[PDB]
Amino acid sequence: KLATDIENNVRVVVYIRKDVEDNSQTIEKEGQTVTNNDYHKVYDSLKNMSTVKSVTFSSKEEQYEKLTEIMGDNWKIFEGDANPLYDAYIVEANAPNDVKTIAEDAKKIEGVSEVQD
């Protein structure tokens, strides 16, 4: 059994604003590698909810690889361009009934772009 395998009825997906790097520990400033003060701001608010069991980062890169894996071949015409997908956290609720509450509080976290239940 693996951690990234969560049942449909208890999964909430939390999409991160495209200009927030919640999973990046360091960023570039003045040519140096320095602390990202916004690191895990969204992660921690989700992890602090009493009804959530796990929160796992899913990058936009990873989401596109899996899409090409599940559907046919890569989507060649977009290969030169930026990835338009959103980084996301995959949140596991403690019970199905907690999902609607989790998704509502999640949209109120600053940095959260959208939440899918």
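Start at 1 with the first residue shown and count on from there.
Higher mean CA temperature factor between 45-53 and 72-80: 72-80, per the PDB entry. Relative to one another, 5-13 and 97-105 have unequal mean CA B-factors, and 5-13 is the one with the higher figure.
Looking at the C-alpha B-factors along this chain, the one for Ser58 belongs to the lowest third. For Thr26, the recorded CA B-factor ranks within the lowest third of the chain. Only modelled residues enter the ranking.
Sort the chain's modelled residues by C-alpha temperature factor and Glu65 lands in the middle third, per the entry.
Annotation for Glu92: C-alpha temperature factor in the lowest third relative to the rest of the modelled chain, per the entry. In the deposited entry, the Cα temperature factor of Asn37 places it in the highest third of its chain's modelled residues.
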